[PDB]
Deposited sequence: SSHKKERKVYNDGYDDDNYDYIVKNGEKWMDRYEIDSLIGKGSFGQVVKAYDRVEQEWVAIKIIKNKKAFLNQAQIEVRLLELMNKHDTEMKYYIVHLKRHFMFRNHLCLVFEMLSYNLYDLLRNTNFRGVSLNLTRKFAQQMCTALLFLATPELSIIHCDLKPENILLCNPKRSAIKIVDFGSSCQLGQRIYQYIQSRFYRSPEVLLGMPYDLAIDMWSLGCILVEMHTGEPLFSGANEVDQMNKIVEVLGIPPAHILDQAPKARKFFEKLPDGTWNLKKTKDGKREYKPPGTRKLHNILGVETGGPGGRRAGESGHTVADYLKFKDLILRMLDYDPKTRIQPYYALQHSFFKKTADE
């Protein structure tokens, strides 16, 4: 027996469908499993609503890590207040049979689910524009100095949709998140969405999230991840195909520079001859987007909001979000003033 019979050998709560916790939560099913522990779908009898409960493992390590998450979730709750910034907010937390329990809103679809509903051909630049304004709004919120939060894991899997309030998304999972300055790491973000500064072992700040958003916006409208590397070297080759050799002022300061590039005798940087690759900067965004050919594989030809001028506005935005230099990558405030959003 562990935790009086309520826990398994591995510090996790033994989930039984139908259990009433404190005459308030009727548990329906396990819906989630992670290093942190378990997520459950439950009916909150008092608020007459479905909720998702994150049961943290019964272990000092995981409890204090989850208590870091609770700090950020609640700081994100002091600000905001009217739940209007596309963040899946913490409704509350309680201790039940020696497990920390975070209660969240239940949402049953992520961005992925919406791209399988398109057989991965993607969505109108009109819908992309809507989500983009939602995501950018969220990153603007996260960049409030008091917050200065880095999500560190933006990906379609972590972007949930409000079916009820159709054409609305929310960012989820702040368990991998950290605050500006907290202390640099080295292997963060989902590979496909991983910033060049992180690939290069350099320091990072809120801009890594804007990078990940650039790659998600393209993947929303093409149906296809922009940069699907099978390891870090392939990932950085796939980036260079599109954006060229990173500038010198960046590579000259990058610990992992030589894991991908080689400094020639004249001081100029180049790639390394070990799957061969387009030469640098020749898989153009202008073409992937189909800017002059009615969108990716010219599918939205004619359709309102898919004019050349629309795509010149979109490409300019993406390319500003995919800047190699995190000092000059577009920040969410100027990103919201972009013409791609304007009348």
From the N-terminus onward, what segments of the deposited sequence lack any C-alpha atom in this model? 1-8, 283-286, 356-359
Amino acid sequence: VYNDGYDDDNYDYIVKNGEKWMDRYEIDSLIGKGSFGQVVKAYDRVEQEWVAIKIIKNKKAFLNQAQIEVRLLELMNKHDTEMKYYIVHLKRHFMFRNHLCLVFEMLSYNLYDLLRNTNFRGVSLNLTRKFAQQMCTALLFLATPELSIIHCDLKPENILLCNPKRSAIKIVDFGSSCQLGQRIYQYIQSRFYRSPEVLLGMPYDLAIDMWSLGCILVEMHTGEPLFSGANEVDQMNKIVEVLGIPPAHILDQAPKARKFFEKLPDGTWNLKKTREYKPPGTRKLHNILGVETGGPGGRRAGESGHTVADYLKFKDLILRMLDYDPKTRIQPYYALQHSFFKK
From here on, numbers count along this sequence of modelled residues.
Residue stretch of maximal mean CA temperature factor, 129-137 vs 82-90: 82-90
Between 323-331 and 10-18, point out the one with the higher average CA B-factor as the PDB entry records it. 10-18
Member of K155, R97, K256, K273 with the greatest C-alpha B factor (per the PDB record): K273
Whose CA atom has the top B-factor in the entry, of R191, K238, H151, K263? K263
Sorting the chain's CA B-factors, does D209 end up in the lowest, middle or highest third? lowest
By the entry's values, the third containing the CA B factor of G37 is the middle
Tertile call for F120 (CA temperature factor, within chain, third-based) is the highest
Taking the entry's C-alpha B-factors for this chain, is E69 in the lowest, middle or highest third? middle
Is the Cα B-factor recorded for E224 in the lowest, middle or highest third of its chain? highest
